[PDB]
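When reading the values below, keep in mind they use all heavy atoms of this one structure, side chains included, and skip hydrogens, waters and symmetry mates. Reminder, nothing fancy here: chain letters follow the sequence lines and each chain counts from 1.
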Amino acid sequence: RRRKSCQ
Amino acid sequence: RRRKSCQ
Amino acid sequence: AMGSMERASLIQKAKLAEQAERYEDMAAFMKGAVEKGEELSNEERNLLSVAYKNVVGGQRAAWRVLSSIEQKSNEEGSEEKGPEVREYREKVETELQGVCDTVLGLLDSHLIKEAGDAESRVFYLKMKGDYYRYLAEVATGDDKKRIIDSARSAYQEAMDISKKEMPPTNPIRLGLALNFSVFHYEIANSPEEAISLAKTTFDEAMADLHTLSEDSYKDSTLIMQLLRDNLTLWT
Amino acid sequence: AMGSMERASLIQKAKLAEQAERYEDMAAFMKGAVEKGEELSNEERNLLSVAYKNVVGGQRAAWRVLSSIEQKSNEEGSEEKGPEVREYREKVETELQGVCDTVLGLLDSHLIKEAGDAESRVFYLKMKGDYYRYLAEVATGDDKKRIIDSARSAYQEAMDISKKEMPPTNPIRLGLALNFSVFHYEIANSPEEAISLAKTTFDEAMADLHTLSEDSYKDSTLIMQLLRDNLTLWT
Ligand SMILES: CN(CCS)C(=O)c1cccc(Br)c1
Ligand SMILES: CN(CCS)C(=O)c1cccc(Br)c1
Ligand SMILES: [Cl-]
Ligand SMILES: [Cl-]
Ligand SMILES: [Mg+2]
Ligand SMILES: [Mg+2]
Ligand SMILES: [Mg+2]
Ligand SMILES: [Mg+2]
């Protein structure tokens with residue numbers, strides 16, 4: 001579960 | 001449904 | 001290499017490259033378009049961002065795979081396998097740094113200085129923070145603190161503009177806050193700041209949703225969910 | 001470019017590149033390894049095949065996306081959008097052809113001529129058929145028939161050796177039959193030959209499964225299922 005950045 | 005080749 | 005191709009053709013081919021999932025080509029076309037010297041429209045800025053984010057995203061994923069192998073290789077008990085893992089990690093790292101330097105170079109020559117509207121200026125300053133952040137992810141030397149500070153400074157300028165000139169639901173403002181929060185958590189060793197920023201951003205956006213059309217609501221709530229995902233992971 | 005790197009280091013880095021999903025790098029490392037001039041082991045042949053199949057597979061997928069857009073662009077009712085779709089399809093096509101020519105060049109200089117055991121010779125002749133088949137997929141000119149015949153001839157030589165020297169369950173023999181059957185169906189306009197080959201191959205392998213260990217059984221039945229998938233699609 002990798003943290004989200006703006007894709 | 002694409003036919004299979006050897007991958 | 002793109003100097004002889006029309007700007008409009010470069011943009012058209014960037015869109016074709018996106019459809020074909022040819023992101024290196026897409027980035028080269030968009031670099032060529034930027035180098036024509038005209039400002040970018042909203043759509044064109046998004047093409048530039050998609051292209052380079054996909055290129056650097058693949059490099060970052062590969063770097064993390066190789067860095068993990070290298071770390072396991074330097075555990076005591078592990079067998080000497082020679083310089084190859086380090087060499088190949090360094091090769092990928094250098095290519096990644098080159099892409100980041102290319103993007104930062106486009107922003108500095110001359111996208112940021114020509115960007116006067118909040119939507120473009122915040123977008124480009126966010127990008128500047130992002131690519132310094134990617135450089136920080138691989139940095140280990142005497143300039144690492146300066147790289148981190150460069151990311152921080154770009155994000156901070158973008159935040160200051162976004163808070164003054166955009167509504168709290170604006171997707172650019174939200175994506176900037178998301179990424180600056182990740183910077184705090186992952187790069188600056190500031191998890192409490194990361195959490196506070198994500199929560200304040202989420203709550204202020206929630207309170208402004210009532211002003212939005214259905215389509216804008218969908219856009220904003222999508223990014224709010226990314227903020228929530230991080231808050232759930234981090235708390 | 002790989003001339004100064006040790007053969008063993010190239011192989012090690014090809015494996016790292018595979019783990020990192022860096023298939024262009026993987027292919028460049030394996031090309032360098034082949035160019036050392038020594039024969040390849042079974043594992044090394046498989047690394048070579050994985051690397052180039054992934055590279056050319058991405059190119060083929062992109063070419064098909066672009067070719068479909070180009071086809072829609074030349075339907076009556078469609079608006080003139082200029083030369084860009086054709087140009088970009090041609091760019092991808094030329095890169096794809098270059099990769100195929102590179103692989104065929106490695107096979108001709110000098111992998112095939114040094115391959116004496118059935119497992120290596122059939123493997124390389126299958127590869128030769130495959131890369132001519134990929135060239136045939138994009139061919140439209142005066143040499144298209146000759147390209148198709150080159151694929152056919154390589155596959156036929158591989159088939160003749162495989163039937164004489166390998167059991168009907170051998171995975172190389174099975175994968176060759178699978179691909180030659182696809183050649184017949186998709187390239188040579190011979191669907192009945194494609195179906196007959198797939199069915200005969202499947203049935204002869206089924207009858208030989210009783211001779212195999214559990215692990216060999218798993219390997220062979222996996223490829224038999226690919227044959228069955230095609231038979232189900234085609235009948
Ligand atoms: C939904 N989405 C991506 C996740 S944040 C965006 O709207 C976006 C895209 C590019 C740049 C910026 Br800023 C925002
Ligand atoms: C399962 N599998 C792939 C599908 S055929 C193989 O064992 C293989 C791999 C490479 C080359 C050849 Br020939 C056979
Ligand atoms: Cl290397
Ligand atoms: Cl082009
Ligand atoms: Mg301006
Ligand atoms: Mg405003
Ligand atoms: Mg020999
Ligand atoms: Mg034998």
| task | Indicate yes or no: does C:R22 engage D:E95 in a salt bridge with an N to O separation below 4.0 Å. | result | yes
| query | Can you tell me how far the CD1 atom of D:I11 sits from the CD atom of C:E84, to the nearest 0.5 Å? | reply | 11.5 Å
| field | Toward chain D, the part of C:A8 with a non-hydrogen atom under 4.5 Å | value | neither
| query | What are the two closest non-hydrogen atoms of D:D25 and C:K91, and how far apart are they? | reply | OD1-NZ, 3.5 Å
| Looking at residues at least two apart in the chain, or sitting in another chain, which of them share a salt bridge (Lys or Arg N to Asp or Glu O under 4.0 Å) with D:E87? | C:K13
| message | With a 4.5 angstrom heavy-atom cut-off, is it the side chain or the backbone of C:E21 that approaches chain D, or both, or neither? | response | neither
| said: Is it the case that over 12 heavy atoms from other parts of the model lie below 6.0 angstrom from the CD atom of D:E114? | reply: yes
| Do other residues, nucleotides or ligands put more than 12 heavy atoms under 6.0 Å from D:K31 NZ? | no
| How far does CD of D:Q12 sit from OH of C:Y88, to the nearest 0.5 angstrom? | 12.0 Å
| field | Partners passing salt bridge (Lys or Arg N to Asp or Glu O under 4.0 Å) against D:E93 (at least two apart in sequence or in another chain) | value | D:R89
| query | Take atom CD in C:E24; do more than 12 heavy atoms of anything else shown fall under 6.0 Å from it? | reply | no
